[PDB]
Amino acid sequence: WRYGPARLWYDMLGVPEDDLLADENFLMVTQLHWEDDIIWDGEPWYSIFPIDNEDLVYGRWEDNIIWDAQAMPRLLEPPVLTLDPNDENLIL
Amino acid sequence: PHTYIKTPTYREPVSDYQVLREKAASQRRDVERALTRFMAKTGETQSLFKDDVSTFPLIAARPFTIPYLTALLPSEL
Amino acid sequence: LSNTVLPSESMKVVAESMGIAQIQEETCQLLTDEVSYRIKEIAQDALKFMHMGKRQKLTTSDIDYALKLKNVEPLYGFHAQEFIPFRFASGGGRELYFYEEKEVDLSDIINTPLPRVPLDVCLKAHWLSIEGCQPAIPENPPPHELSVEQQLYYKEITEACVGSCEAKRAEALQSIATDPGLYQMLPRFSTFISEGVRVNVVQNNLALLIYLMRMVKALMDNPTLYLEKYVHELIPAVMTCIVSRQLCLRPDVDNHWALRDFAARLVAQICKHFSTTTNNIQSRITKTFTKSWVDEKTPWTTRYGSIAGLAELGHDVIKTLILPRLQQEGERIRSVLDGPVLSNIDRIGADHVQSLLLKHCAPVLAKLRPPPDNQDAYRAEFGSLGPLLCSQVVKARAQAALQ
Amino acid sequence: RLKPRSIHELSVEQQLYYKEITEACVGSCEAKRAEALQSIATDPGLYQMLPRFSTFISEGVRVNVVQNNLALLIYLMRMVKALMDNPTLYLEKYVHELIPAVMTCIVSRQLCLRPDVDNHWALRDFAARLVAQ
């Protein structure tokens with residue numbers, strides 16, 4: 001949407017539309033210090049929703065990032081916002 | 001049941017008119033308070049009390065060159 | 001593309017107005033390539049009165065001037081003000097179109113209101129251009145949906161973070177970080193940020209990327225809004241600010257390096273607050289950083305970003321990811337201490353990578369080695385990482401003395 | 001823009017099973033505990049419910065050492081031991097939550113006086129040191 005969110009970028013664009021590699025190293029236990037984690041009575045709320053967001057869990061976010069600016073699989077596109085309802089407790 | 005049972009149920013929606021009125025009211029009040037404090041902090045400001053910018057900041061009154069255009073004209077139509 | 005003619009079935013219909021019962025298909029082909037040949041010779045000779053008499057409209061007096069030119073008798077009754085009406089007749093199997101002409105009483109043409117009398121041709125002079133541009137005389141040409149409150153708040157907050165002044169930006173970021181009701185405007189901010197980081201590929205603006213990363217850092221500090229449902233959009237934007245190769249317009253002088261360690265600290269925070277075993281955020285971020293670092297052909301900027309993110313994740317990550325490839329420092333010092341090719345940009349990025357590597361590997365060397373460290377530098381790669389480790393042990397001793 | 005709500009991957013039989021097993025594993029009745037512990041020890045389909053069990057253990061010990069409730073802890077350590085000897089499930093994705101829970105059990109002070117349950121406390125420590133080894 002030309003008048004939708006990220007409109008300032010669209011206005012600037014002028015678009016007419018509208019073995020270390022092994023997962024064991026990356027395992028949380030290897031990267032997490034248990035003693036630091038313990039509160040030890042020193043002063044949660046993660047994934048409270050029964051269904052975790054599908055887009056984060058199944059989304060290939062790594063593919064979207066481009067390592068090299070010079071070579072891109074997809075050229076600059078309008079990328080119109082989906083405007084699809086998400087989250088819970090929304091008024092409508 | 002765990003051996004071979006599956007319950008594809010939905011998610012209980014909120015039909016409470018009281019809490020929906022409360023949510024929409026408080027979100028509208030909070031966004032208009034945030035907007036007016038942001039606009040009073042990044043511009044000329046007035047104050048009912050002496051040197052009072054943190055609590056109750058007023059956007060300063062600016063004169064218009066043609067005031068009937070901003071008064072009489074409807075903005076949502 | 002092809003020679004277009006009137007249809008042959010339009011000549012069977014015409015031949016039955018005449019009274020000819022059966023007309024064979026070779027006669028109908030003989031009729032329609034002649035009448036569509038004479039149409040194209042009056043279509044193109046009417047166009048010679050439309051062009052020589054400068055009109056660009058092709059009025060019906062152009063065709064009547066061309067039928068007069070081909071000696072054929074004129075077509076009477078086509079100068080009156082009419083249009084193109086047609087009336088469909090369905091029928092019991094015979095489909096056609098006709099005119100449906102109408103009548104009018106004769107005394108209602110004798111008593112019609114007369115139009116106004118025409119004017120005679122006169123001349124008018126006016127200046128079109130006076131030694132330059134045209135004058136401004138009148139003979140010339142003239143030259144689910146956000147409510148309005150939060151629509152205005154979205155507009156002011158997004159346009160305050162584009163770079164007109166710094167003070168309005170700081171108040172906008174202190175608004176984003178410290179307001180209670182900014183939900184229902186979180187998807188708009190996520191879309192704005194992700195598309196704005198994408199728009200860096202058309203314009204390699206370092207400054208607007210620093211502003212968008214400070215927008216993300218302000219969005220994270222808000223206690224009221226939960227970014228769990230929208231983190232899948234903000235993760236690849238910060239990742240794009242980390243591991244892309246051209247972050248600058250002038251690569252040599254722009255400090256893309258800081259948008260690197262700032263976004264690396266940002267992604268360490270975004271996978272400290274949000275990584276759950278159902279998410280696998282941190283393992284999937286470490287895997288992208290790792291296969292971007294271990295793989296050769298990667299530029300020194302993206303290797304700098306990979307090392308920066310991996311070293312901001314923590315101590316055990318640099319134990320089990322960075323420390324196996326410390327021999328890669330030799331491959332780096334291949335292109336630093338040695339090489340006639342000196343005036344390229346592959347030296348500033350290489351010794352930036354070197355400085356970050358030995359700064360982050362000095363406490364890791366201070367954790368897993370002896371307290372003496374006599375020739376650890378000699379045992380280390382290039383003998384420099386070891387000097388940095390000795391400096392780190394000295395710094396740790398100073399910190400202990402301060403405690 | 002209106003679209004249908006998401007459906008939980010865990011089933012309502014599975015969610016009811018999780019609720020019954022967790023309310024049996026807090027040890028109100030001993031035969032209920034022992035079956036629930038054997039059910040944890042040999043359910044083949046207890047993967048894809050294991051994040052919610054690990055989170056229930058971890059979160060429990062940390063708000064259960066705020067007041068040193070020994071049974072709550074002895075039951076959770078038996079739940080950890082019943083989680084470990086199950087051969088089907090893959091545990092070392094969740095051991096980063098499991099290990100600091102057993103660590104505090106062994107290395108923590110007892111809010112409750114010990115001349116009374118320290119024998120019990122000692123037994124709990126031994127259990128914690130068994131699972132830790």
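First residue shown is number 1, and so on along the chain.
Method on record in the header is electron microscopy, 4.2 Å.
Every residue gets a Cβ built from N, Cα and C, even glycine.
When C:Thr112, C:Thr298 are compared in Swiss-Prot, the phosphothreonine annotation sits on C:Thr112.
Less than 8 angstroms from a Cβ of chain B: among the modified residues C:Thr112, C:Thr178, C:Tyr183, C:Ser194, that describes C:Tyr183. Neighbour density around each Cβ, counted as other Cβ atoms within 10 Å, peaks among the modified residues C:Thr112, C:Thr178, C:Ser194 at C:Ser194. Reduced to three states, the DSSP call for C:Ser194 (phosphoserine) is helix.
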